[PDB]
Amino acid sequence: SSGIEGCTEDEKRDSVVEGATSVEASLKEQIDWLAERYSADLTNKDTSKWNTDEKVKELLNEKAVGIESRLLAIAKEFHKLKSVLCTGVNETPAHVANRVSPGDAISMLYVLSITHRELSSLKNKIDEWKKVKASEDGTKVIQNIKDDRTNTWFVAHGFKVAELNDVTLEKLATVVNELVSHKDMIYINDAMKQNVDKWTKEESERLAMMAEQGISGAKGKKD
């Protein structure tokens with residue numbers, strides 16, 4: 001009755017939420033990617049003797065013999081675990097990867113090393129709340145993964161509630177402790193650790209070399 005009143009709205013949308021490509025994924029996607037690689041069929045590729053295992057035998061020591069087989073075996077081990085740790089995940093994939101390219105390996109080696117880094121952090125964190133009991137703060141015993149303290153670590157690391165499967169904290173503790181101390185796992189992880197360290201020192205050498213020795217020409221990106 002006071003005036004002409006309808007609905008005062010703006011006709012434009014200022015905020016255009018663009019697809020932000022996440023530089024460095026979270027731990028949830030990281031470990032899931034590890035599982036994804038193992039759960040990816042790449043039979044569309046005729047793998048006519050990929051010398052990945054031979055190349056890494058020269059670059060990552062002779063202990064890297066049959067690297068892809070090791071990679072998918074360790075990823076399978078993690079898939080076995082992720083199927084228990086993630087909701088709706090089956091313990092046996094249908095699409096199983098057989099080949100890892102040198103280009104994939106660089107991502108895989110950095111992923112696997114991250115995975116063991118989070119798992120070692122996970123066991124350290126879960127031990128804290130395993131040590132938590134009924135406290136004066138109104139704290140309940142942390143028995144579930146969807147418990148306050150557990151959930152807080154998981155959410156921060158990228159684990160969305162729907163992603164994480166509800167198991168007991170103390171069972172999880174047991175499973176993460178045996179995996180972090182898994183002989184073959186540590187063996188491949190520390191070997192990767194060496195390679196990734198060597199590659200990063202090599203990267204920095206190349207960086208210095210291109211800055212000091214080289215001269216950046218007309219480059220952009222190769223396909």
# chains A, B, ... in the order shown; residues from 1 in each chain; ligands from 1

call {"tool": "residues_around", "arguments": {"residues": "residue 107 in chain A", "least_positions_apart": "4", "cutoff": "12 Å", "atoms": "only C-alpha atoms", "output": "list in words"}}
result
residues 24, 30, 33, 34, 37, 100, 101, 102, 103, 111, 112, 113, 114, 192 and 196 of chain A

call {"tool": "write_last_selection", "arguments": {"atoms": "N, CA, C and O atoms", "output": "PDB file, in the first residue's frame"}}
result
ATOM      1  N   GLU A  24      46.832 -29.916  -5.910  1.00  0.00           N
ATOM      2  CA  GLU A  24      47.073 -30.896  -4.849  1.00  0.00           C
ATOM      3  C   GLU A  24      45.729 -31.321  -4.245  1.00  0.00           C
ATOM      4  O   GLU A  24      45.030 -30.529  -3.581  1.00  0.00           O
ATOM      5  N   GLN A  30      43.416 -38.721  -3.009  1.00  0.00           N
ATOM      6  CA  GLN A  30      44.747 -39.223  -3.264  1.00  0.00           C
ATOM      7  C   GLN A  30      44.743 -40.739  -3.173  1.00  0.00           C
ATOM      8  O   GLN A  30      45.170 -41.432  -4.100  1.00  0.00           O
ATOM      9  N   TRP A  33      42.546 -42.325  -5.717  1.00  0.00           N
ATOM     10  CA  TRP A  33      43.148 -42.309  -7.027  1.00  0.00           C
ATOM     11  C   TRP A  33      44.037 -43.534  -7.162  1.00  0.00           C
ATOM     12  O   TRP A  33      44.106 -44.159  -8.218  1.00  0.00           O
ATOM     13  N   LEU A  34      44.720 -43.862  -6.077  1.00  0.00           N
ATOM     14  CA  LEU A  34      45.543 -45.065  -6.013  1.00  0.00           C
ATOM     15  C   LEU A  34      44.672 -46.292  -6.285  1.00  0.00           C
ATOM     16  O   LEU A  34      45.035 -47.176  -7.079  1.00  0.00           O
ATOM     17  N   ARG A  37      43.500 -46.174  -9.998  1.00  0.00           N
ATOM     18  CA  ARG A  37      44.463 -46.642 -10.958  1.00  0.00           C
ATOM     19  C   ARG A  37      44.438 -48.153 -11.029  1.00  0.00           C
ATOM     20  O   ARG A  37      44.470 -48.714 -12.103  1.00  0.00           O
ATOM     21  N   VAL A 100      51.473 -49.706 -15.952  1.00  0.00           N
ATOM     22  CA  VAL A 100      51.752 -48.365 -15.494  1.00  0.00           C
ATOM     23  C   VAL A 100      52.832 -47.782 -16.407  1.00  0.00           C
ATOM     24  O   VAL A 100      53.885 -48.407 -16.599  1.00  0.00           O
ATOM     25  N   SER A 101      52.561 -46.647 -17.004  1.00  0.00           N
ATOM     26  CA  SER A 101      53.507 -46.021 -17.909  1.00  0.00           C
ATOM     27  C   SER A 101      54.489 -45.191 -17.078  1.00  0.00           C
ATOM     28  O   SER A 101      54.175 -44.868 -15.931  1.00  0.00           O
ATOM     29  N   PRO A 102      55.687 -44.847 -17.611  1.00  0.00           N
ATOM     30  CA  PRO A 102      56.635 -43.958 -16.912  1.00  0.00           C
ATOM     31  C   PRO A 102      55.963 -42.650 -16.472  1.00  0.00           C
ATOM     32  O   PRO A 102      56.180 -42.161 -15.360  1.00  0.00           O
ATOM     33  N   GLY A 103      55.110 -42.139 -17.337  1.00  0.00           N
ATOM     34  CA  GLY A 103      54.368 -40.924 -17.057  1.00  0.00           C
ATOM     35  C   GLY A 103      53.377 -41.103 -15.911  1.00  0.00           C
ATOM     36  O   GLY A 103      53.141 -40.175 -15.136  1.00  0.00           O
ATOM     37  N   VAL A 111      51.950 -40.377  -5.252  1.00  0.00           N
ATOM     38  CA  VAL A 111      50.703 -40.710  -4.577  1.00  0.00           C
ATOM     39  C   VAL A 111      50.938 -41.732  -3.465  1.00  0.00           C
ATOM     40  O   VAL A 111      50.539 -41.508  -2.327  1.00  0.00           O
ATOM     41  N   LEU A 112      51.645 -42.815  -3.783  1.00  0.00           N
ATOM     42  CA  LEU A 112      51.868 -43.888  -2.822  1.00  0.00           C
ATOM     43  C   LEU A 112      52.662 -43.394  -1.618  1.00  0.00           C
ATOM     44  O   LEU A 112      52.402 -43.804  -0.469  1.00  0.00           O
ATOM     45  N   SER A 113      53.604 -42.505  -1.857  1.00  0.00           N
ATOM     46  CA  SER A 113      54.376 -41.967  -0.777  1.00  0.00           C
ATOM     47  C   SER A 113      53.507 -41.068   0.116  1.00  0.00           C
ATOM     48  O   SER A 113      53.687 -41.035   1.329  1.00  0.00           O
ATOM     49  N   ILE A 114      52.550 -40.360  -0.490  1.00  0.00           N
ATOM     50  CA  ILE A 114      51.603 -39.543   0.264  1.00  0.00           C
ATOM     51  C   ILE A 114      50.714 -40.444   1.111  1.00  0.00           C
ATOM     52  O   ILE A 114      50.542 -40.199   2.302  1.00  0.00           O
ATOM     53  N   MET A 192      60.613 -45.854  -3.201  1.00  0.00           N
ATOM     54  CA  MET A 192      60.006 -44.721  -3.876  1.00  0.00           C
ATOM     55  C   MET A 192      60.478 -43.443  -3.253  1.00  0.00           C
ATOM     56  O   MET A 192      60.772 -42.496  -3.946  1.00  0.00           O
ATOM     57  N   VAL A 196      61.963 -40.436  -5.231  1.00  0.00           N
ATOM     58  CA  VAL A 196      61.311 -39.162  -5.256  1.00  0.00           C
ATOM     59  C   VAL A 196      62.219 -38.089  -4.691  1.00  0.00           C
ATOM     60  O   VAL A 196      62.150 -36.936  -5.107  1.00  0.00           O
TER      61      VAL A 196
END

call {"tool": "closest_residue", "arguments": {"among": "A:171, A:130, A:205, A:210", "to": "residue 149 in chain A", "atoms": "only C-alpha atoms"}}
result
A:130

call {"tool": "closest_residue", "arguments": {"among": "A:85, A:106, A:40, A:207", "to": "residue 166 in chain A", "atoms": "only C-alpha atoms"}}
result
A:85

call {"tool": "select_by_dssp", "arguments": {"residues": "range 24-217 of chain A", "states": "strand (DSSP E or B)", "output": "MDAnalysis selection string"}}
result
chainID A and resid 86 135 139 144 164 168

call {"tool": "select_by_dssp", "arguments": {"residues": "range 44-164 of chain A", "states": "helix (DSSP H, G or I)", "output": "JSON, numbers by chain"}}
result
{"A": [52, 53, 54, 55, 56, 57, 58, 59, 62, 63, 64, 67, 68, 69, 70, 71, 72, 73, 74, 75, 76, 77, 78, 79, 80, 81, 82, 83, 84, 85, 102, 103, 104, 105, 106, 107, 108, 109, 110, 111, 112, 113, 114, 115, 116, 117, 118, 119, 120, 121, 122, 123, 124, 125, 126, 127, 128, 129, 130, 148, 149, 150, 151, 152, 153, 154, 155, 156]}

call {"tool": "decode", "arguments": {"residues": "range 172-204 of chain A", "atoms": "N, CA, C and O atoms", "output": "mmCIF file, in the first residue's frame"}}
result
data_model
loop_
_atom_site.group_PDB
_atom_site.id
_atom_site.type_symbol
_atom_site.label_atom_id
_atom_site.label_comp_id
_atom_site.auth_asym_id
_atom_site.auth_seq_id
_atom_site.Cartn_x
_atom_site.Cartn_y
_atom_site.Cartn_z
ATOM 1 N N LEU A 172 40.264 -50.259 13.304
ATOM 2 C CA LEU A 172 40.953 -49.422 12.336
ATOM 3 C C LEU A 172 42.406 -49.241 12.755
ATOM 4 O O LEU A 172 43.306 -49.338 11.935
ATOM 5 N N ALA A 173 42.611 -49.024 14.052
ATOM 6 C CA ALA A 173 43.935 -48.866 14.638
ATOM 7 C C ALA A 173 44.796 -50.074 14.370
ATOM 8 O O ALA A 173 45.962 -49.951 13.998
ATOM 9 N N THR A 174 44.208 -51.222 14.518
ATOM 10 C CA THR A 174 44.900 -52.455 14.312
ATOM 11 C C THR A 174 45.271 -52.611 12.834
ATOM 12 O O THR A 174 46.421 -52.914 12.496
ATOM 13 N N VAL A 175 44.327 -52.301 11.973
ATOM 14 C CA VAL A 175 44.519 -52.448 10.547
ATOM 15 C C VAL A 175 45.542 -51.441 10.014
ATOM 16 O O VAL A 175 46.385 -51.782 9.171
ATOM 17 N N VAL A 176 45.520 -50.228 10.536
ATOM 18 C CA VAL A 176 46.440 -49.236 10.051
ATOM 19 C C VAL A 176 47.838 -49.503 10.593
ATOM 20 O O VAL A 176 48.837 -49.254 9.910
ATOM 21 N N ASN A 177 47.921 -50.073 11.793
ATOM 22 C CA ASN A 177 49.208 -50.345 12.372
ATOM 23 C C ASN A 177 49.897 -51.483 11.656
ATOM 24 O O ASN A 177 51.097 -51.411 11.397
ATOM 25 N N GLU A 178 49.151 -52.506 11.281
ATOM 26 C CA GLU A 178 49.755 -53.626 10.588
ATOM 27 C C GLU A 178 50.134 -53.265 9.157
ATOM 28 O O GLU A 178 51.088 -53.816 8.608
ATOM 29 N N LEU A 179 49.412 -52.324 8.564
ATOM 30 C CA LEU A 179 49.712 -51.905 7.215
ATOM 31 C C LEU A 179 50.912 -50.958 7.207
ATOM 32 O O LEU A 179 51.779 -51.069 6.354
ATOM 33 N N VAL A 180 50.992 -50.060 8.174
ATOM 34 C CA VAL A 180 52.099 -49.105 8.196
ATOM 35 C C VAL A 180 53.426 -49.835 8.485
ATOM 36 O O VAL A 180 54.510 -49.353 8.134
ATOM 37 N N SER A 181 53.322 -51.003 9.118
ATOM 38 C CA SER A 181 54.472 -51.808 9.409
ATOM 39 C C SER A 181 54.588 -53.010 8.446
ATOM 40 O O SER A 181 55.386 -53.920 8.669
ATOM 41 N N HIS A 182 53.811 -52.975 7.370
ATOM 42 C CA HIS A 182 53.816 -54.023 6.357
ATOM 43 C C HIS A 182 55.175 -54.007 5.664
ATOM 44 O O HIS A 182 55.591 -52.980 5.130
ATOM 45 N N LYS A 183 55.851 -55.135 5.700
ATOM 46 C CA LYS A 183 57.213 -55.275 5.194
ATOM 47 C C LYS A 183 57.350 -54.849 3.729
ATOM 48 O O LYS A 183 58.214 -54.033 3.392
ATOM 49 N N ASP A 184 56.478 -55.371 2.876
ATOM 50 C CA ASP A 184 56.590 -55.131 1.432
ATOM 51 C C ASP A 184 56.236 -53.691 1.120
ATOM 52 O O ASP A 184 56.843 -53.047 0.261
ATOM 53 N N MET A 185 55.296 -53.179 1.890
ATOM 54 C CA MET A 185 54.788 -51.826 1.755
ATOM 55 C C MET A 185 55.922 -50.839 2.070
ATOM 56 O O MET A 185 56.223 -49.963 1.272
ATOM 57 N N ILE A 186 56.599 -51.044 3.195
ATOM 58 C CA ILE A 186 57.698 -50.173 3.609
ATOM 59 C C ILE A 186 58.828 -50.264 2.604
ATOM 60 O O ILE A 186 59.442 -49.265 2.244
ATOM 61 N N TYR A 187 59.055 -51.458 2.125
ATOM 62 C CA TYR A 187 60.090 -51.719 1.147
ATOM 63 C C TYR A 187 59.869 -50.941 -0.137
ATOM 64 O O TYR A 187 60.804 -50.288 -0.637
ATOM 65 N N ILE A 188 58.657 -50.957 -0.648
ATOM 66 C CA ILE A 188 58.405 -50.266 -1.887
ATOM 67 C C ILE A 188 58.315 -48.763 -1.633
ATOM 68 O O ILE A 188 58.780 -47.950 -2.436
ATOM 69 N N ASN A 189 57.789 -48.409 -0.477
ATOM 70 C CA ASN A 189 57.625 -47.030 -0.098
ATOM 71 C C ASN A 189 58.954 -46.347 0.117
ATOM 72 O O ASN A 189 59.145 -45.219 -0.332
ATOM 73 N N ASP A 190 59.905 -47.027 0.758
ATOM 74 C CA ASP A 190 61.170 -46.377 1.052
ATOM 75 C C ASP A 190 62.011 -46.277 -0.216
ATOM 76 O O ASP A 190 62.787 -45.332 -0.400
ATOM 77 N N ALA A 191 61.806 -47.226 -1.120
ATOM 78 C CA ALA A 191 62.466 -47.209 -2.415
ATOM 79 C C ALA A 191 61.926 -46.058 -3.255
ATOM 80 O O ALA A 191 62.686 -45.343 -3.920
ATOM 81 N N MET A 192 60.613 -45.854 -3.201
ATOM 82 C CA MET A 192 60.006 -44.721 -3.876
ATOM 83 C C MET A 192 60.478 -43.443 -3.253
ATOM 84 O O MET A 192 60.772 -42.496 -3.946
ATOM 85 N N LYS A 193 60.572 -43.449 -1.933
ATOM 86 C CA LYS A 193 61.037 -42.309 -1.152
ATOM 87 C C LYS A 193 62.419 -41.884 -1.625
ATOM 88 O O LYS A 193 62.704 -40.701 -1.744
ATOM 89 N N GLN A 194 63.244 -42.858 -1.925
ATOM 90 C CA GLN A 194 64.570 -42.605 -2.430
ATOM 91 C C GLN A 194 64.486 -41.983 -3.803
ATOM 92 O O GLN A 194 65.126 -40.969 -4.071
ATOM 93 N N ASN A 195 63.653 -42.558 -4.640
ATOM 94 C CA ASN A 195 63.533 -42.100 -6.016
ATOM 95 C C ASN A 195 62.954 -40.704 -6.071
ATOM 96 O O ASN A 195 63.418 -39.869 -6.822
ATOM 97 N N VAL A 196 61.963 -40.436 -5.231
ATOM 98 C CA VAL A 196 61.311 -39.162 -5.256
ATOM 99 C C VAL A 196 62.219 -38.089 -4.691
ATOM 100 O O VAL A 196 62.150 -36.936 -5.107
ATOM 101 N N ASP A 197 63.099 -38.485 -3.773
ATOM 102 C CA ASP A 197 64.050 -37.565 -3.189
ATOM 103 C C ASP A 197 65.098 -37.229 -4.223
ATOM 104 O O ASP A 197 65.428 -36.056 -4.452
ATOM 105 N N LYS A 198 65.566 -38.267 -4.881
ATOM 106 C CA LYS A 198 66.558 -38.173 -5.925
ATOM 107 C C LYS A 198 66.015 -37.329 -7.071
ATOM 108 O O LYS A 198 66.709 -36.459 -7.582
ATOM 109 N N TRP A 199 64.765 -37.557 -7.431
ATOM 110 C CA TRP A 199 64.124 -36.800 -8.487
ATOM 111 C C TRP A 199 63.922 -35.350 -8.117
ATOM 112 O O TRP A 199 64.056 -34.493 -8.955
ATOM 113 N N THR A 200 63.628 -35.067 -6.870
ATOM 114 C CA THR A 200 63.461 -33.695 -6.467
ATOM 115 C C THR A 200 64.825 -32.957 -6.411
ATOM 116 O O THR A 200 64.920 -31.783 -6.782
ATOM 117 N N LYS A 201 65.885 -33.658 -6.016
ATOM 118 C CA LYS A 201 67.225 -33.072 -6.056
ATOM 119 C C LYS A 201 67.695 -32.915 -7.500
ATOM 120 O O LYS A 201 68.462 -32.013 -7.838
ATOM 121 N N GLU A 202 67.219 -33.784 -8.338
ATOM 122 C CA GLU A 202 67.504 -33.741 -9.739
ATOM 123 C C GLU A 202 66.717 -32.603 -10.389
ATOM 124 O O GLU A 202 67.233 -31.877 -11.235
ATOM 125 N N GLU A 203 65.492 -32.438 -9.947
ATOM 126 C CA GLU A 203 64.612 -31.375 -10.388
ATOM 127 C C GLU A 203 65.238 -30.021 -10.076
ATOM 128 O O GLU A 203 65.313 -29.151 -10.936
ATOM 129 N N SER A 204 65.734 -29.874 -8.860
ATOM 130 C CA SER A 204 66.356 -28.644 -8.440
ATOM 131 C C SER A 204 67.675 -28.391 -9.184
ATOM 132 O O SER A 204 68.018 -27.244 -9.479
#
